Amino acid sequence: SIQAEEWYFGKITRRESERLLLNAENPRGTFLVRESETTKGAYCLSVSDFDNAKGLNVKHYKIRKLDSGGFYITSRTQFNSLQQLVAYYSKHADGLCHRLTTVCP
């Protein structure tokens, strides 16, 4: 059940995700997956970032569901579930601002 996944935050808003991620205690690459508020049927990978000029900031990556079943952020790689996606991007950033490091708490 994705519901029980530790990195999955269900229906929290865009503003709630940022609130959770923008915190001193979180590594760059702390992240969560949520349903998209605005795009029905989509997801969103929310990742904390930091640059010395803006400080801690969050980047949001829409995750689209292929009708045939998969998930994608880019045309580069596609995956059979959000779990396989969370796992790949933890090993390689491939375009994302930072590799996924920490699950949001």
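So that there is no doubt, residue numbering starts at 1 and follows the sequence shown. Heads up, when I say rigid core I mean the largest set of C-alphas that superpose within 1.5 Å between the two forms.
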Comparing 25-33 to 51-59 by root mean square Cα deviation from the shown form in 7 other deposited structures of this protein, core aligned, the larger deviation is found at 51-59
Could you settle it for me: does 7-15 or 80-88 have the higher average Cα B factor in the PDB entry? 80-88
Assert higher mean C-alpha B factor (45-53 or 68-76, deposited values) equals 45-53
Chain third (lowest, middle, highest) by recorded CA B-factor, residue given as residue 28: middle
